[PDB]
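A.B. asks: Right, I'll just put the structure down here and ask away after.
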Amino acid sequence: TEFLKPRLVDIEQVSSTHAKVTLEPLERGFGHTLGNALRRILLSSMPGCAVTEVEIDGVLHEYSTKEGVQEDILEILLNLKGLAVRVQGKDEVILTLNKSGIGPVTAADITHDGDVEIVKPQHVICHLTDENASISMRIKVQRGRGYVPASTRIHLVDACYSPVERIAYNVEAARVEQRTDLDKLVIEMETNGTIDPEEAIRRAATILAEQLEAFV
Amino acid sequence: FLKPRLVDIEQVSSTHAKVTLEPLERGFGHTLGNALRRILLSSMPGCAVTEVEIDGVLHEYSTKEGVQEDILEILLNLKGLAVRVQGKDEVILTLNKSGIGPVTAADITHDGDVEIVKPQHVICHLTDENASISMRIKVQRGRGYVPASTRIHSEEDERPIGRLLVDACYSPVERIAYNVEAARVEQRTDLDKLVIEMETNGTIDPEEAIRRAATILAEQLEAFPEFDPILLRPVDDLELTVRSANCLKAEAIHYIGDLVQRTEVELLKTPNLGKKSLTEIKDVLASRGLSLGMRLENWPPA
Amino acid sequence: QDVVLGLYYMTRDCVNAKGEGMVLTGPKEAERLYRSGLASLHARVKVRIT
Amino acid sequence: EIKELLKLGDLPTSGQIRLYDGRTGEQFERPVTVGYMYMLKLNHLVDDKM
Amino acid sequence: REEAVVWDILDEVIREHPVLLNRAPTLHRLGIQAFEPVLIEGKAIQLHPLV
């Protein structure tokens, strides 16, 4: 009463931050359990650090207007949420936005630290309008083993930890020789660019394997 | 990154039990739980009865004199018989009984690996004083649902027409349900519990099932033209006499290719082949455009 | 029929729900908010779209 | 009388309960009607018609 | 004999070869529509919902 392992595996990836991997032969009903358990883990639980909270230099609140920037503070906060941060052994690091001028503040306009790595220099934080337009602020990162929104911090920025932006699994019929119907499991993911989707899947399901380490 | 493990396993009955898992992180009770439910329901070892040869019965659509049950009913009853074996993948049992009264599952002869979980289980009743039924109940082990209809492809002489094939019900699991309640361990922010309450026929232990389930689940993570076709036909396709076939097989001649290489000399030197047999072989070979002493040079390719 | 009831139940709003009034960078994390059970499928929300 | 016989059965008046997808394990939004319907198999069986 | 190979051969001949589907009360020309065959285990014809 031996079992079935998948023998045709192909990863067709678009660009870099996006990937569509497919697995041909899966026993009946294994495609849904695999696809789903991995989707749940991928989305709801993943290591990563982005932005938890950022202090406001001009005002004390998320609702206000900065001299030199037409973007609302919340808007800039969303932009900050879209910032890719990969840190080293340092658990919580803080950066600074020191810059001024007649043009937009990019992710390359942030302060460079030792353990901090920003994957996207073209990333837009906010614009800078005419003249000097005084602007600079301190940005604090944090870790999570899942997705924790700003409202969830009860005792503000939405903290997007899991690198996954989008996860979907499509299960279709798999034909192998004289075996009637099998599952074909297609996992399609989009990430924030910090960790590539390929390894991301591995480490994701690896958490699953760690969870089962006390049974098999 | 705390990994879960098991805790008290509460057996409320021979039928079903509730297995529990303590150290579960945020939301993992569901992710682990449902996935565990899936494998639990789907893939599990089972021993369900397959083949049954009864006394005077040619087909499942007859009625045996002395039993109020139709034969098909008796097969359907047998399919619901729960047994567990240890060292044997397939065992055959023998059922025997007579006189007026119900024939239960405890009326079978007990074997080494045979364990009857429901001795009270009713196979069929007996209506007359002198009326007796004997049967061979061939019980093999497998996974999933294997109907009787797909069972015949291989075929290979199931000729004992008295043998009625029955649909394979292989699976210990009846009902599986998983509930996550918040589980407070002494010191920890917030953790969850996993109460998997399962239903079985008693033929599988809860710890065993819960073990193999996650065993398989993790196990999936392991990845994330010349010559005549007629020369390779078995000698039985020549449709020789039983004697000639057995003699040839005894001389290491299992296929037509092996036979056409041999000469009359060599065949007559065998301990069991007379002139009649050789005449027969030459006749059947000539009838299909073949003969003895045929050379094909290159025996065999792969 | 089924499909249009699907898009109807999807695209629709109630008065109050999970994540009511919050803001998100785009559809990606909108769906990411929904699938994690944090945000209700139908809730009044401002999002940046292109 | 039906609801009154549902009370005696420990089951809700609505006749609707919570159901969970056997795939994702997650709950279905809104209660669904579950019950016991008597269903017949007419003889149009496909292996005849085909 | 339905030898195991022939199935694969069938998969070859089916690929780019369309088939015609038709229903009983044919009125407008859409009453008959061509599709691309997908091999199915069963005796029933699977028809796209939008059609």
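The chains in the structure tokens are called A, B, ... from first to last as shown; in each chain the residues are counted from 1, and the ligands are counted from 1 in the order shown.
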Taking only C-alpha atoms into account, find every residue of chain D that has an atom no more than 12 Å from chain C, and write it out as an NGL selection string.
C.D. replies: :D and (24 or 26-30)
A.B. asks: Using only C-alpha atoms, select each residue of chain E with any atom at most 12 Å away from an atom of chain B, and give the selection as a PyMOL selection string.
C.D. replies: chain E and resi 1-4
A.B. asks: Please identify all residues of chain E having at least one atom at most 10 Å from any atom of chain D, considering only C-alpha atoms, and return them as JSON, numbers by chain.
C.D. replies: {"E": [42, 43, 44, 45]}
A.B. asks: Take the residues that were just selected and, keeping N, CA and C atoms, output them as a PDB file, in the first residue's frame.
C.D. replies:
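Written out: selection22.pdb:
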ATOM      1  N   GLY E  42     -16.716   9.324 -18.049  1.00  0.00           N
ATOM      2  CA  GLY E  42     -18.133   9.373 -17.762  1.00  0.00           C
ATOM      3  C   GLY E  42     -18.852   9.243 -19.078  1.00  0.00           C
ATOM      4  N   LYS E  43     -20.164   9.071 -19.026  1.00  0.00           N
ATOM      5  CA  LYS E  43     -20.948   8.943 -20.245  1.00  0.00           C
ATOM      6  C   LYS E  43     -21.705  10.225 -20.592  1.00  0.00           C
ATOM      7  N   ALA E  44     -21.473  11.276 -19.809  1.00  0.00           N
ATOM      8  CA  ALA E  44     -22.184  12.546 -19.983  1.00  0.00           C
ATOM      9  C   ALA E  44     -21.328  13.623 -20.641  1.00  0.00           C
ATOM     10  N   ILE E  45     -21.978  14.482 -21.425  1.00  0.00           N
ATOM     11  CA  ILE E  45     -21.305  15.582 -22.107  1.00  0.00           C
ATOM     12  C   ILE E  45     -21.304  16.826 -21.238  1.00  0.00           C
TER      13      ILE E  45
END
A.B. asks: DSSP on the backbone, then: every residue of chain C marked helix (DSSP H, G or I), written as a PyMOL selection string.
C.D. replies: chain C and resi 2-10+27-35
A.B. asks: Within 7 Å of chain A, which residues of chain C show up when using only C-alpha atoms, listed as a VMD selection string?
C.D. replies: chain C and resid 24 to 25 28 to 29 32 36
A.B. asks: Got a sec: who's within 7 Å of segment 37-40 of chain E, counting only C-alpha atoms, leaving out chain neighbours fewer than 5 positions off, as a PyMOL selection string?
C.D. replies: chain E and resi 14+18-19
A.B. asks: If the cut-off is 7 Å, can you tell me the residues of chain A near chain D, counting only C-alpha atoms? I'd like them as a PyMOL selection string.
C.D. replies: chain A and resi 32-33+36
A.B. asks: Would you mind exporting the chosen residues as an mmCIF file, in the first residue's frame, restricted to N, CA and C atoms?
C.D. replies:
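As written to disk, selection15.cif reads:
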data_model
loop_
_atom_site.group_PDB
_atom_site.id
_atom_site.type_symbol
_atom_site.label_atom_id
_atom_site.label_comp_id
_atom_site.auth_asym_id
_atom_site.auth_seq_id
_atom_site.Cartn_x
_atom_site.Cartn_y
_atom_site.Cartn_z
ATOM 1 N N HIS A 32 -6.509 19.917 -3.132
ATOM 2 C CA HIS A 32 -7.225 20.911 -2.341
ATOM 3 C C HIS A 32 -6.651 21.088 -0.955
ATOM 4 N N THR A 33 -6.339 19.988 -0.281
ATOM 5 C CA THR A 33 -5.769 20.077 1.057
ATOM 6 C C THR A 33 -4.395 20.732 1.040
ATOM 7 N N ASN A 36 -4.867 24.545 -0.234
ATOM 8 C CA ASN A 36 -5.453 25.326 0.848
ATOM 9 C C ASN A 36 -4.608 25.501 2.091
#
A.B. asks: Quick one: distance from atom CA of residue 192 of chain A to atom CA of residue 83 of chain A in Å, one decimal?
C.D. replies: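 Atom-to-atom, atom CA of residue 192 of chain A and atom CA of residue 83 of chain A are spaced 8.3 Å apart.
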A.B. asks: Enumerate as a ChimeraX atom specification the residues belonging to chain A that approach chain B to within 6 Å, with only C-alpha atoms taken into account.
C.D. replies: /A:33,37,202,209,211,214-216
A.B. asks: If you run DSSP on the backbone, which residues of chain C are strand (DSSP E), as a list in words?
C.D. replies: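 Of chain C, the ones in strand (DSSP E) are residues 23, 24, 46 and 47 of chain C.
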A.B. asks: Since we have the selection now, will you write its residues out, keeping C-alpha atoms, as a PDB file, in the first residue's frame?
C.D. replies:
ATOM      1  CA  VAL C  23      -7.538  52.320   3.603  1.00  0.00           C
ATOM      2  CA  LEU C  24      -5.429  49.967   1.494  1.00  0.00           C
ATOM      3  CA  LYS C  46     -11.271  53.908   0.349  1.00  0.00           C
ATOM      4  CA  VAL C  47      -8.575  52.188  -1.730  1.00  0.00           C
TER       5      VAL C  47
END
A.B. asks: Counting only C-alpha atoms, which residues of chain A come no farther than 9 Å from chain E, as a list in words?
C.D. replies: residues 177, 178, 180 and 181 of chain A
